[PDB]
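Engineer: Sharing a structure with you now.
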Amino acid sequence: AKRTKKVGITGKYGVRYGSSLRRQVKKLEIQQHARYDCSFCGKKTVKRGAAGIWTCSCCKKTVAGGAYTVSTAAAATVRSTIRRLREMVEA
Amino acid sequence: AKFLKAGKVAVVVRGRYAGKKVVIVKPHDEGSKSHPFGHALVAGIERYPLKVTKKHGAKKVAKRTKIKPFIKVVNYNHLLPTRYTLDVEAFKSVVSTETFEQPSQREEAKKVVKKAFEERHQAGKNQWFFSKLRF
Amino acid sequence: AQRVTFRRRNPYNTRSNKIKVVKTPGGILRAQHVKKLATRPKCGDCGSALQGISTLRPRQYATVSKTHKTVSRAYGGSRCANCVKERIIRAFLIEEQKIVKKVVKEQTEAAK
Amino acid sequence: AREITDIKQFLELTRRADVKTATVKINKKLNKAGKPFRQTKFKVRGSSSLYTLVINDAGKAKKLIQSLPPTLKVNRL
Amino acid sequence: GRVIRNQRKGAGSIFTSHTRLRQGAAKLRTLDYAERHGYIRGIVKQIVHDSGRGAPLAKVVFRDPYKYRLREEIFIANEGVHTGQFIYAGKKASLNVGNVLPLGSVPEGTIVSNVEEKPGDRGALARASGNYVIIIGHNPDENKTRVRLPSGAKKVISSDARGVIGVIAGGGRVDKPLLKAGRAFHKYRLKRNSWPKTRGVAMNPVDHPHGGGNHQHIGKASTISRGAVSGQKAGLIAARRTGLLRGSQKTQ
RNA sequence: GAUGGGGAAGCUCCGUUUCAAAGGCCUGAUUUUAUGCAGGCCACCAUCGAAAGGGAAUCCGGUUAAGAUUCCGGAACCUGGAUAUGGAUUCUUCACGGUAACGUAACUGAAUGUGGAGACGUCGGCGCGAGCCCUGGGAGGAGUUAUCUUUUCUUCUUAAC
RNA sequence: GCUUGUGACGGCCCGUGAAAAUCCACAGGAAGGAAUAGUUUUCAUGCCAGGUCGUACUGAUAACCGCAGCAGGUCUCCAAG
RNA sequence: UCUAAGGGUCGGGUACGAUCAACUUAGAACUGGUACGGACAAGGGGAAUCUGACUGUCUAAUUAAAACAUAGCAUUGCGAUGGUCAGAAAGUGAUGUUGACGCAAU
Ligand SMILES: [Mg+2]
Ligand SMILES: [Mg+2]
Ligand SMILES: [Mg+2]
Ligand SMILES: [Mg+2]
Ligand SMILES: [Mg+2]
Ligand SMILES: [Mg+2]
Ligand SMILES: [Mg+2]
Ligand SMILES: [Mg+2]
Ligand SMILES: [Mg+2]
Ligand SMILES: [Mg+2]
Ligand SMILES: [Mg+2]
Ligand SMILES: [Mg+2]
Ligand SMILES: [Mg+2]
Ligand SMILES: [Mg+2]
Ligand SMILES: [Mg+2]
Ligand SMILES: [Mg+2]
Ligand SMILES: [Mg+2]
Ligand SMILES: [Mg+2]
Ligand SMILES: [Mg+2]
Ligand SMILES: [Mg+2]
Ligand SMILES: [Mg+2]
Ligand SMILES: [Mg+2]
Ligand SMILES: [Mg+2]
Ligand SMILES: [Mg+2]
Ligand SMILES: [Mg+2]
Ligand SMILES: [Mg+2]
Ligand SMILES: [Mg+2]
Ligand SMILES: [Mg+2]
Ligand SMILES: [Mg+2]
Ligand SMILES: [Mg+2]
Ligand SMILES: [Mg+2]
Ligand SMILES: [Mg+2]
Ligand SMILES: [Mg+2]
Ligand SMILES: [Mg+2]
Ligand SMILES: [Mg+2]
Ligand SMILES: [Mg+2]
Ligand SMILES: [Mg+2]
Ligand SMILES: [Mg+2]
Ligand SMILES: [Mg+2]
Ligand SMILES: [Mg+2]
Ligand SMILES: [Mg+2]
Ligand SMILES: [Mg+2]
Ligand SMILES: [Mg+2]
Ligand SMILES: [Mg+2]
Ligand SMILES: [Mg+2]
Ligand SMILES: [Mg+2]
Ligand SMILES: [Mg+2]
Ligand SMILES: [Mg+2]
Ligand SMILES: [Zn+2]
């Protein structure tokens, strides 16, 4: 049965702190507790602890990421704009 | 090519002789009442010859180049087949299925493999089978 | 219904002051202080409780024979035997590919 | 603080240089569900350990008592 | 009158950093022979949380080129680096995320962190979680390299100065509401005794320039000049402007 | 909080590895002989600061007017110093056995290096241990008994190692 | 069942929850080591020694602080039906 | 004073039987001077206005509140040869095991 109409995980704060603050948290909180695909071993066992740090359950790899999500859009494009620049120094 | 045959050198990857180099002498490519798995009878090297230098003299060299061998049944999955290879004729008839079972037969067998190895080290045939793998 | 008392001046519930209750031949209950539990040693490579090795408090490993502190294969009381399997294969393959790396770039120098 | 069953090893302890005193203990117990029997405990006091040999066979006991070295102090009961 | 709060901090009794649990000091390797002629290889043995810090740290161990021993450094984890990665550090070094290269040796547009102000200071600029600097040009004679810092400032430093390719892990941390006092409490608990902040306008005049009055008010302009003296500077120090910044920011 | 130092008229202030020539171990050399020098390391650089943090190692019974994990008795354990007999090992000199995980009464190992243990939040339910609590039969002692109660109460214990 | 201990898990963090002494192991192979007899004290057993200071009792509506044998204050363990 | 439901453990050729141990919940009769959470234990509720969002904090010994705090919002200073701050001075010090997703000041 559907338990709550919109608060979801954020229901623990109840009525406090104002709907909008709770809404913003619920987003990043959902972002940060989730299980992610592992680049190395191809399973979805990456989880967080200590914002920034993302380690894989098995295969024991630990990746430095964004505070509440593995890849951050900034570091994502930086990856590509470094990929682009690197290729300028071989071809 | 079916390569785990009577000449190929391999590295023992599990067990007490882990990391040491061996030679297949007689492969039981598929099964055995005793050992129901792909295994090979191999003679190996347990205590390699210590590196010898010019400063080493009369009886130090003779001591530094002694070799302690071993003989072992070993599952294929615990060997790493090497591209190199080493001749096996001097102890074909010694490293046998009958060789194990009777410690005395293993003890004498190691004697044959030992002298056959120490002669091979002098005039350094294979030169790499006698060089400790470092890990 | 029988109660008990500490046997050492220290009156607080610190981890160095754990207590066990015990029934003695006198037919009465009496505390007996318990040393902190020991933990298992760990593979420096992977980190698992490396098997084969007895588990004592560190000063006690000096009152025990060497067989309790090692296993017969190389890197005995140190690495977890699957890491050894790995640092073997890695070693052997790298030394092999290293030979491949030389004669390839030796022929490069002869034709370029 | 140690138990022993090798009756050969036992006599070897009883003649070990540091061993000067011993003691025999006599207990009445039962046999497996029923009647009683006579258990003897040969206790050899070494310089750091008290070895004790349990001989449940009453016959093995008497023969082993005279077997004791004559120069050994043996507290009875 | 009394000595006001911001004046007491410099003495550093109850205001010194809460330092016990810190992992160490984050620093680039010492700028030795290897790094300024070739490159040196290391393995990030671990990336780990530093107490009181935004960004995770990266423990990266190298060989000692002069003694047979392992020597470990403490880097700030650039996003994407991982346990087991090989980090290269040197003039001649590949332009890959995680490696440390002299600013002169990367093209324009490179995005690096932990960059040195003068070469060798083992890391000055772009260290907080989510920050970086971008190289915006080079002057090969005098070998300067013009960069833009997280503030927007555009400093020009030596081309030998070292930076590490990528951005710093843990970005977005400041997008989540603290949501409640305790979160901020445990925040500053592992930084320093800066929280909570009694307003100078709620104290009596002994305590603060803003103190006193039968209503709660500043009483005079809260813009204090640079030339103001200790015990005067409270409010908006040397403010070149004031009020709600409307209109697009972003330095020209 | 001393120290080479740097301030300060000065009592003294600052700095703690700090712009310092900062110190000591293993054993070889000796057969005038005791410790000079022949190697090689270590550049670690005071010290104070926890009777709740870390930490070598003990228990039960008995005992006093008043002491006890301290006395007595019996049974252990740690550390340091000596050591010798037995076992083990070697003519394949430095143990074998198991495919492997690994096994063991043993089973040489300097410099150096590396790993681990010391060594670590909090809450939740779930699993197990112990001591307690409840309870059956029996073997004893005690209470109640005009009448009822094969009843009520109690003993039936087992330390370190 | 109760108290406590412990295990394998799970929740939480812009909080991710000391240090040093000390002990062991491994990598290494310097060296030293037997046939007419050696190496071995991480196996067993055996020998000697272990100092200095505290150790009583109270810990509270009377042994502490509150001018006091003061209705106040003052850290904690054990805990039956 | 009764009924019903809820378990464990052991053999079955390569449907069930046998036996041991637990207070839970529901339903039904009977019964009393209509009493029964029988002592103990244990929320008064509702409609509004003012005011502070909330949990939290203070005048020990006349003020606990609408006061302080807080999250949130906004402004300001600063790229280290620096901002703010300490000191008689200094080869002095705090922030700083720091670097703008930062530190400092409103
Ligand atoms: Mg070896
Ligand atoms: Mg006491
Ligand atoms: Mg073992
Ligand atoms: Mg064991
Ligand atoms: Mg003043
Ligand atoms: Mg400090
Ligand atoms: Mg505060
Ligand atoms: Mg405020
Ligand atoms: Mg403020
Ligand atoms: Mg006021
Ligand atoms: Mg004023
Ligand atoms: Mg003014
Ligand atoms: Mg005012
Ligand atoms: Mg106002
Ligand atoms: Mg001083
Ligand atoms: Mg001290
Ligand atoms: Mg102490
Ligand atoms: Mg202590
Ligand atoms: Mg007693
Ligand atoms: Mg007395
Ligand atoms: Mg007393
Ligand atoms: Mg005694
Ligand atoms: Mg005695
Ligand atoms: Mg000893
Ligand atoms: Mg043996
Ligand atoms: Mg160590
Ligand atoms: Mg550790
Ligand atoms: Mg601790
Ligand atoms: Mg004990
Ligand atoms: Mg408790
Ligand atoms: Mg954790
Ligand atoms: Mg250990
Ligand atoms: Mg010993
Ligand atoms: Mg002394
Ligand atoms: Mg006393
Ligand atoms: Mg009293
Ligand atoms: Mg009183
Ligand atoms: Mg009772
Ligand atoms: Mg039933
Ligand atoms: Mg049934
Ligand atoms: Mg009312
Ligand atoms: Mg309020
Ligand atoms: Mg008041
Ligand atoms: Mg007053
Ligand atoms: Mg109130
Ligand atoms: Mg009041
Ligand atoms: Mg608002
Ligand atoms: Mg000066
Ligand atoms: Zn993975």
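Ligands are numbered from 1 in the order shown, chains are lettered A, B, ... in the order of the structure tokens, and residues start at 1 in each chain.
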Give the residues close to ligand 9, within 7 Å, counting only C-alpha atoms (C1' of nucleotides) and all ligand atoms; write them as a ChimeraX atom specification.
Structural biologist: /E:197-199 /H:106
Engineer: Keeping only N, CA, C and O atoms (P, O5', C5', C4', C3', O3' and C1' of nucleotides), write the selected residues to a file as a PDB file, in the first residue's frame.
Structural biologist:
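File written: selection-v7.pdb
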ATOM      1  N   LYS E 197      26.076  32.220  16.872  1.00  0.00           N
ATOM      2  CA  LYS E 197      26.540  33.603  16.785  1.00  0.00           C
ATOM      3  C   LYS E 197      25.499  34.523  17.405  1.00  0.00           C
ATOM      4  O   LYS E 197      24.446  34.776  16.806  1.00  0.00           O
ATOM      5  N   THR E 198      25.790  35.027  18.596  1.00  0.00           N
ATOM      6  CA  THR E 198      24.943  36.060  19.163  1.00  0.00           C
ATOM      7  C   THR E 198      25.147  37.335  18.369  1.00  0.00           C
ATOM      8  O   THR E 198      26.288  37.714  18.103  1.00  0.00           O
ATOM      9  N   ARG E 199      24.048  37.979  17.966  1.00  0.00           N
ATOM     10  CA  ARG E 199      24.136  39.241  17.232  1.00  0.00           C
ATOM     11  C   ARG E 199      24.625  40.357  18.136  1.00  0.00           C
ATOM     12  O   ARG E 199      24.168  40.504  19.275  1.00  0.00           O
TER      13      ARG E 199
ATOM     14  P     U H 106      30.939  40.665  14.121  1.00  0.00           P
ATOM     15  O5'   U H 106      29.843  41.006  13.020  1.00  0.00           O
ATOM     16  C5'   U H 106      28.514  41.368  13.344  1.00  0.00           C
ATOM     17  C4'   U H 106      27.925  42.216  12.248  1.00  0.00           C
ATOM     18  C3'   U H 106      26.421  42.146  12.094  1.00  0.00           C
ATOM     19  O3'   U H 106      25.729  42.932  13.042  1.00  0.00           O
ATOM     20  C1'   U H 106      27.411  41.887   9.983  1.00  0.00           C
TER      21        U H 106
END
Engineer: Tell me the residues of chain F close to chain B, meaning within 8 Å using only C-alpha atoms (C1' of nucleotides), as a PDB file with N, CA and C atoms (P, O5', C5', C4', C3', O3' and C1' of nucleotides), in the first residue's frame.
Structural biologist:
ATOM      1  P     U F  92      71.601 -38.632   0.208  1.00  0.00           P
ATOM      2  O5'   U F  92      70.765 -37.638  -0.711  1.00  0.00           O
ATOM      3  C5'   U F  92      71.409 -36.877  -1.728  1.00  0.00           C
ATOM      4  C4'   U F  92      71.022 -35.419  -1.677  1.00  0.00           C
ATOM      5  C3'   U F  92      71.258 -34.725  -0.339  1.00  0.00           C
ATOM      6  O3'   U F  92      71.665 -33.379  -0.563  1.00  0.00           O
ATOM      7  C1'   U F  92      68.964 -34.596  -0.910  1.00  0.00           C
ATOM      8  P     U F  99      46.727 -34.652  -2.550  1.00  0.00           P
ATOM      9  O5'   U F  99      47.140 -33.173  -2.960  1.00  0.00           O
ATOM     10  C5'   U F  99      47.807 -32.922  -4.185  1.00  0.00           C
ATOM     11  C4'   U F  99      47.112 -31.847  -4.979  1.00  0.00           C
ATOM     12  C3'   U F  99      46.836 -30.553  -4.240  1.00  0.00           C
ATOM     13  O3'   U F  99      47.965 -29.707  -4.258  1.00  0.00           O
ATOM     14  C1'   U F  99      44.914 -31.224  -5.470  1.00  0.00           C
ATOM     15  P     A F 100      48.314 -28.796  -2.994  1.00  0.00           P
ATOM     16  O5'   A F 100      47.017 -27.892  -2.802  1.00  0.00           O
ATOM     17  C5'   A F 100      46.726 -26.823  -3.693  1.00  0.00           C
ATOM     18  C4'   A F 100      45.449 -26.138  -3.289  1.00  0.00           C
ATOM     19  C3'   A F 100      45.432 -25.625  -1.863  1.00  0.00           C
ATOM     20  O3'   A F 100      45.925 -24.306  -1.804  1.00  0.00           O
ATOM     21  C1'   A F 100      43.485 -26.918  -2.279  1.00  0.00           C
TER      22        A F 100
END
Engineer: Mind listing as a PDB file with N, CA, C and O atoms, in the first residue's frame which residues of chain A are within 12 Å of chain G, counting only C-alpha atoms (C1' of nucleotides)?
Structural biologist:
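This is the output file result_11.pdb:
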ATOM      1  N   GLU A  29      18.651  13.507  -0.647  1.00  0.00           N
ATOM      2  CA  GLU A  29      18.668  12.331   0.211  1.00  0.00           C
ATOM      3  C   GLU A  29      18.384  11.068  -0.589  1.00  0.00           C
ATOM      4  O   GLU A  29      19.022  10.031  -0.369  1.00  0.00           O
ATOM      5  N   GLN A  32      21.461  10.259  -2.465  1.00  0.00           N
ATOM      6  CA  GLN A  32      22.656   9.831  -1.753  1.00  0.00           C
ATOM      7  C   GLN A  32      22.559   8.437  -1.147  1.00  0.00           C
ATOM      8  O   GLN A  32      23.598   7.805  -0.940  1.00  0.00           O
ATOM      9  N   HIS A  33      21.369   7.924  -0.862  1.00  0.00           N
ATOM     10  CA  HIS A  33      21.286   6.591  -0.283  1.00  0.00           C
ATOM     11  C   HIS A  33      21.210   5.480  -1.330  1.00  0.00           C
ATOM     12  O   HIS A  33      21.164   4.304  -0.959  1.00  0.00           O
ATOM     13  N   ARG A  48      27.203   4.913  -0.925  1.00  0.00           N
ATOM     14  CA  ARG A  48      27.969   5.991  -0.325  1.00  0.00           C
ATOM     15  C   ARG A  48      28.171   5.732   1.164  1.00  0.00           C
ATOM     16  O   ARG A  48      27.582   4.832   1.765  1.00  0.00           O
ATOM     17  N   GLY A  49      29.072   6.511   1.735  1.00  0.00           N
ATOM     18  CA  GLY A  49      29.134   6.815   3.150  1.00  0.00           C
ATOM     19  C   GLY A  49      30.155   7.924   3.194  1.00  0.00           C
ATOM     20  O   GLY A  49      31.072   7.888   2.368  1.00  0.00           O
ATOM     21  N   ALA A  50      30.032   8.906   4.087  1.00  0.00           N
ATOM     22  CA  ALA A  50      31.023   9.978   4.085  1.00  0.00           C
ATOM     23  C   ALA A  50      31.035  10.710   2.745  1.00  0.00           C
ATOM     24  O   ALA A  50      31.837  10.378   1.870  1.00  0.00           O
ATOM     25  N   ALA A  51      30.084  11.619   2.533  1.00  0.00           N
ATOM     26  CA  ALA A  51      29.923  12.339   1.276  1.00  0.00           C
ATOM     27  C   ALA A  51      31.228  12.586   0.532  1.00  0.00           C
ATOM     28  O   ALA A  51      32.199  13.079   1.109  1.00  0.00           O
ATOM     29  N   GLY A  52      31.252  12.230  -0.755  1.00  0.00           N
ATOM     30  CA  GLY A  52      32.441  12.245  -1.576  1.00  0.00           C
ATOM     31  C   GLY A  52      32.963  10.857  -1.894  1.00  0.00           C
ATOM     32  O   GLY A  52      33.556  10.657  -2.964  1.00  0.00           O
ATOM     33  N   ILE A  53      32.717   9.891  -1.006  1.00  0.00           N
ATOM     34  CA  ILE A  53      33.313   8.560  -1.056  1.00  0.00           C
ATOM     35  C   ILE A  53      32.258   7.554  -1.492  1.00  0.00           C
ATOM     36  O   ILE A  53      31.186   7.470  -0.883  1.00  0.00           O
ATOM     37  N   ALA A  67      29.058  14.896  -3.646  1.00  0.00           N
ATOM     38  CA  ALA A  67      28.711  14.771  -2.231  1.00  0.00           C
ATOM     39  C   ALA A  67      27.506  13.865  -2.015  1.00  0.00           C
ATOM     40  O   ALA A  67      27.472  13.092  -1.050  1.00  0.00           O
ATOM     41  N   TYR A  68      26.498  13.947  -2.892  1.00  0.00           N
ATOM     42  CA  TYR A  68      25.318  13.101  -2.754  1.00  0.00           C
ATOM     43  C   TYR A  68      25.012  12.296  -4.006  1.00  0.00           C
ATOM     44  O   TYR A  68      23.948  11.677  -4.082  1.00  0.00           O
TER      45      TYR A  68
END
Engineer: I want to know what sits within 7 Å of residue 61 of chain C, based on only C-alpha atoms (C1' of nucleotides), with residues of the same chain fewer than 3 positions away left out; could you give that as a VMD selection string?
Structural biologist: (chain C and resid 56 to 58 64) or (chain G and resid 23 to 24)
Engineer: Can I get the selected residues back with N, CA and C atoms (P, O5', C5', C4', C3', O3' and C1' of nucleotides), as a PDB file, in the first residue's frame?
Structural biologist:
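Saved as part37.pdb:
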ATOM      1  N   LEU C  56      45.044 -13.939  19.358  1.00  0.00           N
ATOM      2  CA  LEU C  56      45.378 -13.595  20.728  1.00  0.00           C
ATOM      3  C   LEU C  56      45.529 -12.083  20.835  1.00  0.00           C
ATOM      4  N   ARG C  57      45.769 -11.615  22.040  1.00  0.00           N
ATOM      5  CA  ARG C  57      46.167 -10.234  22.223  1.00  0.00           C
ATOM      6  C   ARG C  57      47.672 -10.106  21.962  1.00  0.00           C
ATOM      7  N   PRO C  58      48.129  -8.963  21.428  1.00  0.00           N
ATOM      8  CA  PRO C  58      49.451  -8.941  20.765  1.00  0.00           C
ATOM      9  C   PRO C  58      50.620  -9.390  21.628  1.00  0.00           C
ATOM     10  N   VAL C  64      53.666 -18.247  22.393  1.00  0.00           N
ATOM     11  CA  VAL C  64      53.014 -19.240  21.555  1.00  0.00           C
ATOM     12  C   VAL C  64      53.978 -19.616  20.439  1.00  0.00           C
TER      13      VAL C  64
ATOM     14  P     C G  23      58.308  -5.578  22.787  1.00  0.00           P
ATOM     15  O5'   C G  23      57.382  -6.677  22.098  1.00  0.00           O
ATOM     16  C5'   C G  23      56.758  -7.674  22.888  1.00  0.00           C
ATOM     17  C4'   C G  23      55.670  -8.390  22.136  1.00  0.00           C
ATOM     18  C3'   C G  23      56.031  -8.901  20.756  1.00  0.00           C
ATOM     19  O3'   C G  23      56.765 -10.104  20.786  1.00  0.00           O
ATOM     20  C1'   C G  23      53.949  -7.812  20.655  1.00  0.00           C
ATOM     21  P     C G  24      57.894 -10.381  19.687  1.00  0.00           P
ATOM     22  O5'   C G  24      57.109 -11.120  18.518  1.00  0.00           O
ATOM     23  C5'   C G  24      56.269 -12.230  18.800  1.00  0.00           C
ATOM     24  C4'   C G  24      55.134 -12.335  17.815  1.00  0.00           C
ATOM     25  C3'   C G  24      55.548 -12.514  16.368  1.00  0.00           C
ATOM     26  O3'   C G  24      55.840 -13.854  16.047  1.00  0.00           O
ATOM     27  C1'   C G  24      53.922 -10.808  16.509  1.00  0.00           C
TER      28        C G  24
END
Engineer: With distances taken over only C-alpha atoms (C1' of nucleotides), which residue among F:1, F:6, F:80, F:137 lies nearest residue 49 of chain F?
Structural biologist: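 Among F:1, F:6, F:80, F:137, it is F:1 that comes nearest to residue 49 of chain F.
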Engineer: Leaving out residue 37 of chain A and any residue of its chain fewer than 5 positions from it, which residues lie within 12 Å of it when counting only C-alpha atoms (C1' of nucleotides), given as a list in words?
Structural biologist: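 What passes the distance filter is residues 42, 43, 44, 45, 46, 47, 54, 55, 56, 57, 58, 61, 63, 69, 70 and 71 of chain A.
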Engineer: So that I can see what lies close to residue 82 of chain A, please list as a list in words the residues with an atom at most 12 Å from it, counting only C-alpha atoms (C1' of nucleotides) and leaving out residues fewer than 2 positions away in the same chain.
Structural biologist: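 So, after excluding close chain neighbours, the residues are residues 75, 76, 77, 78, 79, 80, 84, 85, 86, 87, 88 and 89 of chain A; 94, 95, 96, 97, 98, 99, 106, 107, 108, 109, 110, 111, 112, 134, 165, 166 and 167 of chain E.
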Engineer: Produce a file of the selected residues containing N, CA, C and O atoms, as a compact mmCIF listing (two decimals), in the first residue's frame.
Structural biologist:
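So part.txt came out as:
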# COMPACT_ATOMS: atom_id res chain seq x y z
N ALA A 75 32.13 17.48 -12.92
CA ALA A 75 33.21 16.52 -13.15
C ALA A 75 32.97 15.69 -14.40
O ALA A 75 33.93 15.23 -15.03
N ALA A 76 31.70 15.48 -14.76
CA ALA A 76 31.37 14.77 -15.99
C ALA A 76 31.91 15.50 -17.21
O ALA A 76 32.66 14.92 -18.02
N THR A 77 31.53 16.76 -17.39
CA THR A 77 32.04 17.48 -18.56
C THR A 77 33.54 17.66 -18.47
O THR A 77 34.24 17.57 -19.48
N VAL A 78 34.07 17.87 -17.25
CA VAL A 78 35.52 18.02 -17.10
C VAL A 78 36.24 16.78 -17.61
O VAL A 78 37.27 16.88 -18.28
N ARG A 79 35.69 15.60 -17.32
CA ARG A 79 36.16 14.35 -17.92
C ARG A 79 36.27 14.48 -19.43
O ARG A 79 37.32 14.18 -20.02
N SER A 80 35.20 14.94 -20.08
CA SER A 80 35.18 15.00 -21.54
C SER A 80 36.09 16.10 -22.07
O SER A 80 36.78 15.91 -23.08
N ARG A 84 39.06 15.53 -24.52
CA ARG A 84 39.28 16.30 -25.74
C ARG A 84 40.70 16.86 -25.79
O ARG A 84 41.40 16.70 -26.79
N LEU A 85 41.13 17.51 -24.71
CA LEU A 85 42.44 18.15 -24.72
C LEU A 85 43.56 17.12 -24.82
O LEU A 85 44.54 17.33 -25.55
N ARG A 86 43.43 16.00 -24.11
CA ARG A 86 44.43 14.95 -24.17
C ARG A 86 44.68 14.53 -25.61
O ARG A 86 45.83 14.47 -26.06
N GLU A 87 43.61 14.28 -26.36
CA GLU A 87 43.73 13.84 -27.75
C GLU A 87 44.40 14.88 -28.64
O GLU A 87 44.90 14.53 -29.72
N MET A 88 44.43 16.15 -28.22
CA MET A 88 45.18 17.17 -28.96
C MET A 88 46.68 17.01 -28.81
O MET A 88 47.42 17.68 -29.55
N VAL A 89 47.16 16.17 -27.90
CA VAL A 89 48.58 16.01 -27.64
C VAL A 89 49.08 14.62 -28.03
O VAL A 89 50.13 14.18 -27.55
N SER E 94 51.25 12.24 -18.51
CA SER E 94 50.04 12.21 -19.32
C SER E 94 48.94 13.06 -18.69
O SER E 94 48.82 13.16 -17.47
N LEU E 95 48.15 13.68 -19.55
CA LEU E 95 47.10 14.62 -19.16
C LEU E 95 45.83 13.85 -18.82
O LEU E 95 44.81 13.93 -19.50
N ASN E 96 45.91 13.10 -17.72
CA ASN E 96 44.80 12.27 -17.25
C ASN E 96 44.38 12.69 -15.85
O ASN E 96 45.22 13.07 -15.03
N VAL E 97 43.07 12.62 -15.60
CA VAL E 97 42.51 12.96 -14.30
C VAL E 97 43.28 12.23 -13.22
O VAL E 97 43.52 11.02 -13.31
N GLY E 98 43.69 12.98 -12.20
CA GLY E 98 44.39 12.44 -11.06
C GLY E 98 45.89 12.69 -11.06
O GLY E 98 46.51 12.63 -10.00
N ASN E 99 46.47 12.96 -12.22
CA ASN E 99 47.91 13.17 -12.29
C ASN E 99 48.23 14.63 -11.98
O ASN E 99 47.38 15.51 -12.09
N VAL E 106 50.32 21.83 -19.58
CA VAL E 106 48.95 21.43 -19.93
C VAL E 106 48.39 22.47 -20.88
O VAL E 106 48.70 23.67 -20.74
N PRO E 107 47.57 22.09 -21.85
CA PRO E 107 47.01 23.07 -22.78
C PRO E 107 46.06 24.00 -22.04
O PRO E 107 45.72 23.80 -20.88
N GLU E 108 45.63 25.04 -22.74
CA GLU E 108 44.57 25.86 -22.19
C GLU E 108 43.27 25.08 -22.11
O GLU E 108 43.04 24.12 -22.86
N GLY E 109 42.40 25.50 -21.20
CA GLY E 109 41.19 24.77 -20.90
C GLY E 109 41.35 23.66 -19.89
O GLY E 109 40.34 23.10 -19.45
N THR E 110 42.58 23.31 -19.51
CA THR E 110 42.79 22.27 -18.52
C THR E 110 42.15 22.68 -17.20
O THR E 110 42.10 23.85 -16.84
N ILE E 111 41.63 21.69 -16.48
CA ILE E 111 40.89 21.93 -15.25
C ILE E 111 41.57 21.16 -14.13
O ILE E 111 41.50 19.92 -14.08
N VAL E 112 42.22 21.88 -13.22
CA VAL E 112 43.10 21.29 -12.23
C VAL E 112 42.76 21.83 -10.84
O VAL E 112 42.13 22.87 -10.70
N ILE E 134 41.00 26.91 -13.95
CA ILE E 134 41.09 26.71 -15.39
C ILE E 134 42.23 27.56 -15.90
O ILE E 134 42.37 28.72 -15.50
N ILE E 165 45.13 17.23 -12.34
CA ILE E 165 44.08 17.23 -13.36
C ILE E 165 42.75 16.80 -12.76
O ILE E 165 42.64 15.74 -12.14
N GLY E 166 41.72 17.61 -12.98
CA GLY E 166 40.38 17.26 -12.58
C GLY E 166 39.81 18.28 -11.62
O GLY E 166 40.38 19.35 -11.39
N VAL E 167 38.65 17.94 -11.05
CA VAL E 167 38.01 18.73 -10.01
C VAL E 167 37.97 17.90 -8.75
O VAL E 167 38.17 16.68 -8.76
Engineer: Applying 12 Å and only C-alpha atoms (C1' of nucleotides), which residues near residue 50 of chain C remain after dropping the ones on its own chain fewer than 3 positions away? List them as number ranges by chain.
Structural biologist: C: 39-47, 53-55, 69-71, 75-84; F: 101-102, 115-116; G: 25
Engineer: Which polymer residues have any atom within 12 Å of an atom of segment 56-58 of chain G, counting only C-alpha atoms (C1' of nucleotides), with same-chain residues fewer than 2 positions away left out, as a PyMOL selection string?
Structural biologist: (chain F and resi 66-68) or (chain G and resi 54+60+62-64)
Engineer: Hey, which residues sit close to ligand 43? Say within 10 Å, counting only C-alpha atoms (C1' of nucleotides) and all ligand atoms, and write them as a list in words.
Structural biologist: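 Those within range of ligand 43 are residues 58, 59, 60, 61, 62, 63 and 64 of chain H.
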Engineer: Store the residues picked out above in a file with C-alpha atoms (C1' of nucleotides), as a PDB file, in the first residue's frame.
Structural biologist:
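Wrote it out as result12.pdb, contents follow:
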ATOM      1  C1'   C H  58      19.565  32.724  29.949  1.00  0.00           C
ATOM      2  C1'   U H  59      19.201  36.461  34.568  1.00  0.00           C
ATOM      3  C1'   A H  60      22.600  30.213  40.400  1.00  0.00           C
ATOM      4  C1'   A H  61      19.530  33.397  45.021  1.00  0.00           C
ATOM      5  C1'   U H  62      12.332  38.038  43.021  1.00  0.00           C
ATOM      6  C1'   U H  63      11.983  38.132  35.519  1.00  0.00           C
ATOM      7  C1'   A H  64      11.845  31.296  31.431  1.00  0.00           C
TER       8        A H  64
END
Engineer: Would you list which chain D residues are within 10 Å of chain F using only C-alpha atoms (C1' of nucleotides), as a list in words?
Structural biologist: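 Using only C-alpha atoms (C1' of nucleotides), chain D residues at most 10 Å from chain F: residues 1, 2, 48, 49 and 50 of chain D.
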Engineer: Taking only C-alpha atoms (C1' of nucleotides) and all ligand atoms into account, which residues are within 10 Å of ligand 40, as a list in words?
Structural biologist: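 Residues lying within 10 Å of ligand 40: residues 7, 8, 18, 19 and 20 of chain H.
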